Amino acid sequence: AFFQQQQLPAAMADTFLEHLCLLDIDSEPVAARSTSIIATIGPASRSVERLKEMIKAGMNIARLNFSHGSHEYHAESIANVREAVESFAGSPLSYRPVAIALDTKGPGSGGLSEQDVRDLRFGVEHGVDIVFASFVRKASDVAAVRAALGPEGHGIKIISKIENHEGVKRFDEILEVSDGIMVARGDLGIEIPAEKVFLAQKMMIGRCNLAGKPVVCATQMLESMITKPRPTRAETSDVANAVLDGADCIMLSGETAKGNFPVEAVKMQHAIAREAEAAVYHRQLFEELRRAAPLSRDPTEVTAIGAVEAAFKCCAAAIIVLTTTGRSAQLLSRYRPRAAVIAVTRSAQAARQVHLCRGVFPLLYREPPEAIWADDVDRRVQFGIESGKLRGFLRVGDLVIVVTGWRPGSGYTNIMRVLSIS
Amino acid sequence: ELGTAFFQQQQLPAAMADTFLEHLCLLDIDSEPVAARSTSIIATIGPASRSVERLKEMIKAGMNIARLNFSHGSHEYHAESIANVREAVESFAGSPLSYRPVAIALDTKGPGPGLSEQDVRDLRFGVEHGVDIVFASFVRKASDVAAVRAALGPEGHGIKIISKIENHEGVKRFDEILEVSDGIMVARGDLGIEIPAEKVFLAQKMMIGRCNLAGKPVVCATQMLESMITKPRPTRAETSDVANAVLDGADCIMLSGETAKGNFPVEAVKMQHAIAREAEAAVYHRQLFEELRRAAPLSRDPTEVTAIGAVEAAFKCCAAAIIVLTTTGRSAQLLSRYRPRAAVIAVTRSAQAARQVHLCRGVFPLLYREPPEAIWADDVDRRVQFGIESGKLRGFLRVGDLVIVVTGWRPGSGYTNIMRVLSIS
Amino acid sequence: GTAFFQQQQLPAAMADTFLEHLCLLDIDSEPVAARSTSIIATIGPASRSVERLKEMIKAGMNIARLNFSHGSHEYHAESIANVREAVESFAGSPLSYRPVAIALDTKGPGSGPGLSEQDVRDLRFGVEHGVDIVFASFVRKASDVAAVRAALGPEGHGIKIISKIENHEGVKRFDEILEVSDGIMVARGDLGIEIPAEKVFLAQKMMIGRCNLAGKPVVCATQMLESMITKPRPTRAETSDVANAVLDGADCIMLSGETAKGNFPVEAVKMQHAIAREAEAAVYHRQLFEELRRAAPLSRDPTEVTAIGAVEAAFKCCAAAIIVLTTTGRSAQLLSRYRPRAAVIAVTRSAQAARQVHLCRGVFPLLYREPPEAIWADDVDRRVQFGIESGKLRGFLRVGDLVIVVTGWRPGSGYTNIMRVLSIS
Amino acid sequence: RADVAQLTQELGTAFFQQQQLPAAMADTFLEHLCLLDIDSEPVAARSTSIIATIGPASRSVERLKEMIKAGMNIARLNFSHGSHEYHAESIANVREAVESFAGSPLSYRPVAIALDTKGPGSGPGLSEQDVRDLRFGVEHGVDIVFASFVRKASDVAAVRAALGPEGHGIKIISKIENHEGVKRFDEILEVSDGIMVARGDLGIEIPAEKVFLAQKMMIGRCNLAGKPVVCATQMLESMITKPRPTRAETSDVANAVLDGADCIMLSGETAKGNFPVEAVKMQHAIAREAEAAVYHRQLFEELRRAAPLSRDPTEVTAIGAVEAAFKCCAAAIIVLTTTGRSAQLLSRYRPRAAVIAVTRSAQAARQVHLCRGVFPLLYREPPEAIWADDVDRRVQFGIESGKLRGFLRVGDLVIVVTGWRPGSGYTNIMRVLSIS
Ligand SMILES: O=S(=O)(NCc1ccc(S(=O)(=O)c2cccc(O)c2)cc1)c1cc(O)c(O)cc1-c1ccc(O)cc1
Ligand SMILES: O=S(=O)(NCc1ccc(S(=O)(=O)c2cccc(O)c2)cc1)c1cc(O)c(O)cc1-c1ccc(O)cc1
Ligand SMILES: O=P(O)(O)OC[C@H]1O[C@](O)(COP(=O)(O)O)[C@@H](O)[C@@H]1O
Ligand SMILES: O=P(O)(O)OC[C@H]1O[C@](O)(COP(=O)(O)O)[C@@H](O)[C@@H]1O
Ligand SMILES: O=P(O)(O)OC[C@H]1O[C@](O)(COP(=O)(O)O)[C@@H](O)[C@@H]1O
Ligand SMILES: O=P(O)(O)OC[C@H]1O[C@](O)(COP(=O)(O)O)[C@@H](O)[C@@H]1O
Ligand SMILES: O=C([O-])C(=O)[O-]
Ligand SMILES: O=C([O-])C(=O)[O-]
Ligand SMILES: O=C([O-])C(=O)[O-]
Ligand SMILES: O=C([O-])C(=O)[O-]
Ligand SMILES: [K+]
Ligand SMILES: [K+]
Ligand SMILES: [K+]
Ligand SMILES: [K+]
Ligand SMILES: [Mg+2]
Ligand SMILES: [Mg+2]
Ligand SMILES: [Mg+2]
Ligand SMILES: [Mg+2]
């Protein structure tokens with residue numbers, strides 16, 4: 001029965017053709033949904049009660065579109081998101097962190113506009129986790145956004161939006177200096193021929209997967225759901241194909257910001273992503289990611305590949321990782337394990353930001369410290385297990401891979417352990 | 001010999017990649033498609049696309065198959081639609097550069113437990129009006145196909161039956177349905193109501209894979225460019241859907257309300273044409289051909305053996321085309337199953353086979369009507385040169401190009417056993 | 001039949017990994033195919049008798065090597081005459097006649113920088129006596145090959161030059177030597193003295209791989225069955241060495257003292273024949289063909305394009321043979337480079353080409369002696385039928401087998417362009 | 001280039017020219033062959049063990065010391081010749097030569113003692129002489145038994161029964177010497193600790209031209225099972241009378257190592273030949289060259305794909321450690337082992353990194369020579385009061401011996417494999433450590 005669920009017969013196939021032939025509509029997904037959902041906040045999704053329903057439906061990142069509304073409007077949106085998120089903090093083992101992302105207006109006819117400098121400063125002052133930088137055309141555009149965030153905003157992630165021919169052509173230099181990329185298909189589909197957008201999307205997703213950096217697929221994914229309760233056949237296909245391409249995040253714009261069915265749009269993306277993740281051909285995917293990733297003398301990099309290899313060998317239910325900045329969880333995520341990467345962190349910001357990496361489930365550790373560091377480590381590992389059992393990731397008898405470091409502080413991950421649950 | 005510019009077009013750097021990941025990374029928006037569009041476009045005929053003048057524009061835009069939806073309209077209405085399609089098609093008989101055969105497909109209303117009374121009458125109408133294809137609605141088991149086959153009476157056994165998979169039972173009994181059908185249509189509209197909407201992509205990808213493995217045509221249908229019923233440009237999800245259906249391995253892509261009742265039927269055909277061309281160049285032939293090769297069982301049928309040898313030869317020299325002589329379309333279909341990058345120019349004396357080969361990806365039919373030569377080998381050479389001269393006229397070929405020529409050792413269907421490498425003079 | 005798929009290591013050949021392939025090797029799986037790796041026997045006092053040479057031809061000797069390091073021109077002329085007398089004693093039965101090449105192995109440069117004066121005299125002797133191949137000793141650079149070519153003069157243009165790599169400089173300048181040579185010999189005797197003995201296997205495997213990639217013949221030579229000079233059976237290391245040279249990809253295997261001066265020259269040839277047959281069935285064609293196909297560059301040469309198409313077609317139907325008409329042996333060589341499992345039966349009128357094609361693995365030469373038919377297409381058909389009748393007589397073919405037939409569109413060398421699937425009747 | 005560029009800048013182009021690294025990074029087996037370089041020197045320690053047969057030519061304590069220095073890892077006693085008194089003196093001479101180097105524990109080399117039985121002869125099962133010889137082996141503390149002419153699983157059960165309750169730790173390596181042994185191979189391997197391809201008798205029992213098929217098949221199946229396989233007989237035969245081997249003999253040794261043999265053997269070459277030490281030196285030289293020429297890229301992928309999924313933490317830690325070692329070009333994998341099992345599970349994935357096995361068991365240290373790439377270190381220190389400190393001391397002993405023998409240098413990365421509690425069967429931890 002275990003080997004009939006989550007497309008396991010299709011995953012064991014020797015060729016991609018055989019894998020496609022073995023896909024079964026009756027094979028139910030069992031793993032937790034790995035691809036994060038970014039929902040744009042607007043009139044249709046601004047109330048605290050509506051936001052609680054969207055968090056329950058699967059929203060992981062709240063997007064504020066600074067192309068519309070005043071700073072006062074966005075500050076109220078941020079406050080409503082935080083109020084809805086903290087209404088579930090009473091149960092720490094099931095609490096779900098939600099990242100706040102600021103999408104800039106852009107340069108327009110102009111480098112960095114004066115409105116963008118003011119909006120970026122607003123973001124730092126209001127503690128946003130991510131910036132979706134509009135119309136990035138070169139590496140210097142990223143440096144300008146980084147400078148406008150100042151010294152108080154060093155920790156904010158910059159996701160560069162590729163929206164035109166120049167951004168596509170200078171992609172490598174942009175990715176090198178960015179934390180991740182957004183395939184902004186709306187403007188891209190106007191700037192380049194509409195029939196070429198799929199080539200740009202597939203290329204950028206592939207290069208981001210190669211680099212181990214987050215990639216977001218955005219715009220018109222479930223467009224008809226702005227007015228209709230069910231999407232079209234092309235829309236469900238689009239969401240499934242973005243997940244199959246290798247997108248870490250999928251986004252909703254008007255579907256959540258102004259549409260009549262914002263919660264239903266989030267539920268639909270959740271349902272499709274789960275089905276598409278089970279249909280991923282891990283046999284060739286892991287081999288290609290493994291082969292393409294360069295040799296490394298960094299112990300976090302070395303422990304990550306060893307842990308993902310160990311997880312596949314035993315069909316581990318999860319990889320529990322201790323992370324300060326989210327980096328150790330990101331290096332596990334780049335190898336696309338089938339096992340959930342449960343990231344136990346004390347940093348509330350890192351817990352929100354790791355939603356950018358596919359298959360990373362953040363757990364914000366709010367338990368008292370232990371005097372002995374070794375006891376403190378084991379306690380964070382046990383917290384990971386208890387929250388995993390509560391959320392359905394783990395059961396007694398399961399095997400897990402535990403990834404820790406040899407000394408406190410970020411940058412010292414070097415240990416992988418095989419642990420039997422209970 | 002060919003130049004650096006040649007190897008930068010039609011995603012050739014991405015096609016030469018050693019891994020699928022590298023192939024994706026090398027896809028270039030500046031790499032222009034050069035080959036002719038190989039995925040056929042099926043357009044549904046209705047009030048928005050019924051006039052002879054409108055049909056001429058749709059033929060010019062790229063329509064290869066005209067679909068008549070028997071769920072609406074009378075026999076008199078559909079007979080007028082058929083006559084208008086044939087009039088628009090025959091208006092280009094004077095120009096060899098513009099003439100293109102167009103298949104006529106009858107989509108049945110559907111079942112009740114088995115074949116309905118109206119379906120029996122509509123199938124009979126199809127035989128009487130010389131339709132080429134039947135899109136059989138709600139096929140659930142092999143006996144449903146046998147009923148449609150029996151209804152195609154004594155005169156209609158040459159009509160192709162494309163079974164529409166629209167429900168859970170059709171998906172579950174897929175192998176037995178495909179075995180007795182000529183091809184499959186992934187009818188996503190009803191399938192998306194019968195099974196959870198989020199599972200349709202699994203059924204589509206599975207059916208396309210199994211049809212590619214069997215070497216039988218597969219059509220992807222419904223809501224591909226839905227928003228173009230009222231808007232002049234499609235959404236980002238719609239262009240993605242068309243591209244992904246072509247990348248999945250669909251032989252045909254379809255337009256329903258977009259052409260039957262929408263405000264932009266010609267623009268919807270142009271959009272599918274443009275996306276299919278881009279997606280065909282992005283196909284990863286290196287692994288695709290190896291997997292089609294490995295999955296296909298060993299064969300002692302000379303047509304099947306010649307076809308794989310010809311596709312291998314075409315890839316080795318970057319052949320501009322594979323010219324094949326075919327009476328039933330079978331030789332062109334067996335070439336098409338290996339997904340060559342070279343166009344398969346099928347020269348035939350059968351008008352029906354010329355229309356029906358539009359079901360197979362990459363087959364470009366040429367109807368030959370010259371009186372037969374007394375010496376058979378001269379008749380063969382005349383048809384081979386007809387294919388070369390038409391290929392030059394349409395832009396597929398130039399002097400100095402290499403073509404692969406597929407023929408048999410004696411006249412009559414079923415004896416293909418020869419593959420020649422010819423230099424265009 | 002099930003019995004067919006149990007023989008010639010077919011279960012091991014169908015394996016998905018090389019590890020599974022090794023695990024499926026069966027000592028009870030008997031080889032069925034004809035032995036494809038040629039045996040070169042060095043001629044000497046133990047193998048000069050016309051009666052002894054007839055037994056060696058029957059045992060499997062394909063090339064007779066004359067070592068010009070020993071004996072006078074008078075001695076070698078008598079060796080040539082004895083070989084030709086033994087070879088021609090079987091010419092009364094043209095369907096079973098076996099051509100035998102004569103190769104001249106030069107003395108070498110010695111302490112000198114380039115071509116010695118004795119080598120110039122020996123090379124002219126070879127041209128005057130009609131030798132087919134030259135095994136050029138101690139080739140260190142491309143200019144050494146050019147000097148051998150110049151010493152053969154205008155009359156020795158058709159002689160094949162196989163460069164012997166016997167020292168560190170030859171290994172280091174391998175690419176430039178292979179580019180100008182017709183093939184290579186891994187001369188392990190001197191190589192094992194010039195470089196550390198424990199590194200010879202790396203040089204052998206490297207040179208065989210590069211020759212396989214270039215599609216040029218490679219010979220593995222020296223001490224393969226050394227103990228058989230005095231003992232009737234070889235050691236376990238010796239049989240392993242022969243099997244591994246064949247598995248590495250050697251086109252030819254050689255006997256030196258074993259045939260020139262030993263007590264068991266016929267048995268040494270029989271032993272190499274027996275081992276080579278077993279090792280050829282154990283070749284993992286699934287990965288080998290895929291890698292040869294992938295590594296070979298794209299080509300606009302019709303012989304090159306037809307060869308890959310014909311090898312692909314032969315694998316698709318498990319063809320018993322590929323019958324090829326050739327004037328210079330080039331069409332058979334281009335088939336051979338893809339390492340088909342099917343025997344390459346080469347029909348030629350050139351007695352020299354028939355002898356020289358023994359350098360290419362899996363090429364079985366048939367010398368056609370009939371004067372031409374007035375109609376060229378009938379002359380082509382008669383030769384193809386001669387190929388089939390010889391194949392049936394020798395055990396390569398049976399009624400019901402499938403064969404691939406490779407021919408050209410006009411007479412003369414260089415115009416091969418047709419591949420045909422034929423059923424044996 | 002991009003997948004090795006940063007590591008090439010760090011370790012240097014000279015690092016990536018040695019030990020056939022350009023050939024190992026090739027995308028196809030054809031390219032791998034084309035890139036083999038005679039100028040690419042082997043850097044790693046020799047990982048295929050050498051078994052030398054002891055006889056009149058190699059019996060003296062002084063001769064045995066030279067053979068230990070030349071590379072002998074296992075001493076074979078052929079019970080087809082000589083009395084129990086003769087073999088007891090051979091055992092005593094081997095132990096005396098081995099212990100003459102015990103003064104330096106960081107460089108001491110353990111040597112296993114193997115008893116090769118006479119066989120059943122005309123009989124159906126275990127002979128009476130075999131029962132007496134097997135009892136002699138237990139009484140004299142032999143580490144391994146090479147059981148002659150094993151034809152079915154019941155033959156190995158009989159050998160195990162004849163070893164009694166005191167010989168439970170002795171490894172049984174079944175010799176496949178005839179058609180029946182080849183045909184019933186799977187049932188024999190299942191109950192044996194390993195296999196020996198006994199080519200001498202096999203080459204008489206089956207056609208000589210088919211022995212290579214049996215050798216390659218058995219080596220492949222043993223590699224798949226993760227059990228030791230020995231290639232034996234006539235490997236360097238001409239060295240019985242000549243100082244240098246033939247071209248076929250060096251080729252045979254190299255091909256046995258390339259096939260996947262854990263051990264290579266010398267019979268008459270050491271037992272009665274004129275050049276026993278030179279024969280050991282030649283096998284050492286060839287094995288080093290052949291190990292560097294192994295195509296790890298496809299080999300590791302095939303061993304991973306063929307090995308079934310496992311819920312055993314030792315099994316899971318071993319594959320994770322070998323994957324980690326390949327990612328950073330680790331100089332070694334240091335493993336703590338009681339029975340040798342954890343080192344054996346690392347060895348089955350054929351890492352390029354040396355598997356330095358630290359053990360307190362003198363028998364396990366001798367027996368791990370059966371597994372390719374396992375370098376045993378016998379730890380003689382008394383236990384620390386705190387178990388975690390005792391573990392750390394053992395790991396440091398592995399690093400210090402590794403630096404002393406040339407396996408490790410400051411700046412190298414090492415993979416350390418340990419367990420969570422004392423006793424055999426609890427290996428579950430993999431650590432990446434930088435050598436200081
Ligand atoms: O899982 S993968 O290894 N799939 C590789 C893959 C994909 C396409 C092709 S193919 O050669 O395009 C092809 C298409 C149809 C039938 C065929 O026989 C072959 C061959 C191999 C993969 C590798 C990547 O690097 C990537 O970014 C995405 C995916 C992927 C994952 C799951 C899917 O369902 C599809 C693609
Ligand atoms: O080293 S390997 O990865 N090589 C695999 C391998 C071996 C042979 C072939 S092959 O297809 O026979 C080939 C391809 C190209 C050129 C040739 O001359 C031969 C393809 C791939 C290997 C993989 C295994 O899983 C294994 O158990 C053993 C060996 C191996 C051992 C000894 C050899 O001589 C060769 C390979
Ligand atoms: O993922 P990051 O940011 O590198 O953090 C991983 C770190 O977490 C730890 O496991 C625990 O460290 P802390 O005690 O500081 O929380 C470290 O040993 C390791 O370096
Ligand atoms: O594709 P089909 O229907 O099998 O037709 C292929 C047939 O066409 C030919 O190439 C030419 O035949 P005709 O001259 O009868 O048209 C035959 O040799 C071959 O058998
Ligand atoms: O392999 P080669 O030397 O190029 O010979 C191939 C030639 O043999 C043929 O098949 C037969 O030609 P001939 O009639 O001259 O023998 C030609 O069509 C072809 O060009
Ligand atoms: O390889 P084996 O025989 O299973 O031994 C591995 C064992 O060695 C250890 O690392 C250390 O154990 P000891 O302290 O008993 O020597 C254990 O944690 C582990 O179970
Ligand atoms: O800004 C965006 O997200 C776009 O243009 O698609
Ligand atoms: O009938 C159709 O085409 C459907 O249901 O999708
Ligand atoms: O010359 C040779 O044949 C040799 O040196 O091996
Ligand atoms: O007994 C043996 O060792 C043999 O036959 O090789
Ligand atoms: K914006
Ligand atoms: K209908
Ligand atoms: K010579
Ligand atoms: K014995
Ligand atoms: Mg935009
Ligand atoms: Mg329907
Ligand atoms: Mg020499
Ligand atoms: Mg024996």
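Scoring rules and cut-offs
- Residues numbered from 1 in each chain as written, not as in the entry; some residues may be left out.
- Chains lettered and ligands numbered in written order.
- Heavy atoms only, no water.
- Buried < 20%, exposed > 50% of the residue type's maximum accessible area, 1.4 Å probe, protein only.
- Pairing = 2+ DSSP bridges.
- Helix = DSSP H or I, 4+ residues; strand = E, 2+ residues; numbered from the N terminus.
- Axes fitted to C-alpha atoms, helices over the stretch in contact; angles between N-to-C directions.
- Contact = heavy atoms within 4.5 Å.
- Domains from an automatic or database assignment.
- Buried area = accessible area lost by both parts, 1.4 Å probe.
- Salt bridge = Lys/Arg side-chain N within 4 Å of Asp/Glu carboxyl O.
- Right-handed = clockwise from strand over helix to strand, strands pointing away.
- Donors = N, O, S within 2.8 Å, 3.2 Å for Na, K, Ca; no water.
- Polar contact = N/O pair within 3.5 Å; in protein donor to acceptor, adjacent residues only side chain to side chain.
- Nonpolar A, V, L, I, M, F, W, Y, C, P; charged D, E, K, R; others polar.
- Near = heavy atom within 4 Å.
- Areas by Shrake-Rupley, 256 points an atom, 1.4 Å probe, with all protein chains shown as cover.

Looking at the method and resolution fields of the entry, one finds X-ray crystallography and 2.1900 Å.

Colleague: I tried to follow unusual backbone geometry on my own but got confused; where do I start?
Modeller: Excluding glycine, a negative phi dihedral is what most residues carry, and trans is how most peptide bonds are arranged. The phi dihedral of A:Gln220 falls on the positive side, at around 60 degrees, and the residue is not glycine. A relative accessible area of 17% places A:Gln220 in the buried class.

Colleague: It is not clear to me how the sheet that holds strand β4 (residues 144-147) of chain D should be interpreted in this structure. Could you clarify?
Modeller: The strands making up a sheet associate through hydrogen bonds between their backbones, and the pairing can be parallel or antiparallel. Residue and element names in this part refer to chain D. The 8 strands are arranged β1-β2-β3-β4-β5-β6-β7-β8 in a closed barrel whose pairing can be described as parallel. Here the strands of the sheet are splayed against their neighbours by 25 degrees on average, with no regard to which way each runs. The pairing of β4 with strand β5 (residues 171-176) spans 4 bridges and is parallel. Among the inter-strand pairings, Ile-144 is bridged to a residue of β5, identified as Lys-171. Contacts between helix α4 (residues 61-70) and the sheet are confined to β1 (49-54) and β2 (72-78), with β2 contributing the most and set at about 135 degrees to the helix. Contacts between helix α11 (residues 211-225) and the sheet are confined to β5, β6 (194-198) and β7 (229-232), with β7 contributing the most and set at about 160 degrees to the helix.

Colleague: Looking at this structure, I do not really get the domain arrangement of chain D. What am I missing?
Modeller: It is common to give the size of an interface as the accessible area that goes away when the parts come together. Residues and elements named next belong to chain D. Under the domain assignment used here, chain D contains domain 1 (49-290) and domain 2 (295-434). Taken together, the contact between domain 1 and domain 2 spans 30 residues of the former and 22 residues of the latter. When domain 1 packs against domain 2, close to 2200 Å² is buried across both sides, 51% of that on carbon and sulfur atoms. At the junction of domain 1 with domain 2, the criterion picks out 2 salt bridges. The shortest N-O distance in the salt bridge between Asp-143 and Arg-366 comes to 2.8 Å.

Colleague: Which parts of the structure should I look at to understand the pairing of β1(D)?
Modeller: A regular strand places its side chains on the two faces of the sheet in alternate fashion. Residue and element names in this part refer to chain D. Here β1 lies mainly inside the structure; 6 of its 6 residues are buried. Alternating positions in β1 separate into two faces, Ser-49, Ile-51 and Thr-53 on one and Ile-50, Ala-52 and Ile-54 on the other, with burial throughout. For β1 and β2, the ladder comprises 5 bridges, and the chain directions are parallel. From the neighbouring strand, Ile-51 faces β2, where its bridge partner is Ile-74. Read as a crossover between parallel neighbours, the route from β1 over α4 to β2 is right-handed.

Colleague: Explain the coordination of the magnesium ion (ligand 17) to me, please; I cannot follow it from the model alone.
Modeller: All names here are of chain C. Summarising the metal site, the magnesium ion (ligand 17) is bound by the protein donors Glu-166 (OE) and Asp-190 (OD), whose distances to it range over 1.9 to 2.1 Å. With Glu-166 in the loop between β5 (160-165) and α7 (168-172) and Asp-190 in helix α9 (residues 188-194), this residue pair connects regions lying 24 residues apart in the sequence. Using a relative accessible area of 3% as the deciding quantity, one classes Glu-166 as buried. On the basis of relative accessible area, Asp-190 is assigned to the partly exposed category, the value being 30%.

Colleague: What am I meant to see in the pattern of salt bridges here?
Modeller: Pairing between side chains of opposite charge can happen when their charged atoms approach one another. Tallied over the entire structure, the rule returns 122 salt bridges over all chains. As a salt-bridge pair, A:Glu287 and A:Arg290 come within 2.9 Å of each other at their nearest N and O atoms. With A:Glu287 and A:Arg290 both in helix α14 (residues 282-292) and 3 residues apart, this pair spans about one turn of that helix. Of the two residues, A:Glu287 and A:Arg290, both sit in the buried class. With a closest N to O distance of 3.6 Å, D:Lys152 and D:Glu180 form a salt bridge. With D:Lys152 in the loop between β4 and α7 (153-162) and D:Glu180 in helix α8 (residues 179-183), this pair connects stretches of sequence that are 28 residues apart. One connected set of salt bridges, linked through shared partners, spans A:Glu287, A:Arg290, A:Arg291, A:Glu309, D:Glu301, D:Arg304 and D:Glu323.

Colleague: Help me understand the coordination of the magnesium ion (ligand 16) in this model?
Modeller: Put simply, the ideal angle at a metal is 109.5 degrees for four donors in tetrahedral geometry and 90 or 180 degrees for six donors in octahedral geometry. Residue and element names in this part refer to chain B. Around the magnesium ion (ligand 16), the protein contributes the donor atoms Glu-166 (OE) and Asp-190 (OD), which lie 1.9 to 2.1 Å from the metal centre. Between the magnesium ion (ligand 16) and the potassium ion (ligand 12) the interatomic distance comes to 6.0 Å. With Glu-166 in the loop between β5 (160-165) and α7 (168-172) and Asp-190 in helix α9 (residues 188-194), this residue pair connects regions lying 24 residues apart in the sequence. For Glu-166, a relative accessible area of 4% corresponds to the buried category.

Colleague: Help me understand the interface of chain C and chain B in this model?
Modeller: Counting from both sides, the interface comprises 32 residues of chain C and, opposite them, 37 residues of chain B. A combined buried area of about 3000 Å² lies between chain C and chain B, and 55% of that area is made up of carbon and sulfur atoms. Interface area lost by chain C to chain B is led by C:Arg294, C:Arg300 and C:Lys316, which between them contribute 28%. Applying the counting rule to chain C against chain B returns 6 salt bridges. Here B:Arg294 and C:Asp16 are joined by a salt bridge, their closest N and O atoms 3.6 Å apart. The tally of links between chain C and chain B comes to 15 residue pairs in polar contact. Those elements giving two or more residues to the side of chain C that touches chain B turn out to be α14 (285-295), α15 (302-317), β12 (402-408) and β13 (416-423) of chain C. For the side of chain C that touches chain B, the leading source of residues is α15(C), giving 11 residues. Its residues assigned to classes, the side of chain C that touches chain B shows 16 nonpolar, 5 polar and 11 charged.

Colleague: How should I be thinking about the domain arrangement of chain B in this particular structure?
Modeller: Residue and element names in this part refer to chain B. Each assigned domain of chain B is listed here: domain 1 (40-280) and domain 2 (285-423). Each of domain 1 and domain 2 was reduced to a C-alpha centroid, and the two centroids are 25 Å apart. On the side of domain 2, 19 residues touch domain 1, which itself brings 29 residues to the contact. In this assembly, domain 1 packs against domain 2 so that about 2100 Å² is buried in total across both faces, 51% of it on carbon and sulfur atoms. Summed over the shared surface of domain 1 and domain 2, the result is 2 salt bridges. Residue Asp-251 is joined to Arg-339 by a salt bridge in which the shortest nitrogen-to-oxygen separation is 3.2 Å. For the interface between domain 1 and domain 2, the tally reads 14 residue pairs in polar contact. Contributing elements (two or more residues each) for the side of domain 1 that touches domain 2: β2 (63-69), β5 and α10 (200-214). When residues of the side of domain 1 that touches domain 2 are assigned to their parent elements, the largest contribution, 3 residues, is made by α10. Each residue belonging to the side of domain 1 that touches domain 2 can be placed in one class, and the counts come to 17 nonpolar, 6 polar and 6 charged.

Colleague: Where do I start with the pairing of β5(B) in this structure?
Modeller: All names here are of chain B. With 5 of its 6 residues buried, β5 lies for the most part within the structure. Pairing of strand β4 (residues 133-136) with β5 involves 4 bridges; the strand directions are parallel. Looking at β5, one finds that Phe-135 is bridged to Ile-162. Handedness of the β-α-β unit built from β4, helix α6 (residues 142-151) and β5 comes out right-handed.

Colleague: What exactly am I supposed to notice about the site of ligand 7 here?
Modeller: All names here are of chain A. Around ligand 7 lies a shell formed by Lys-161, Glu-163, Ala-184, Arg-185, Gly-186, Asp-187 and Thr-219. One of the side-chain nitrogen or oxygen atoms of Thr-219 is found 2.7 Å away from an oxygen atom of ligand 7. About the coverage of ligand 7: the protein hides 86% of its 210 Å² of free accessible area. It is helix α9 (residues 185-191) that contributes the most residues to the shell around ligand 7, 3 residues altogether.

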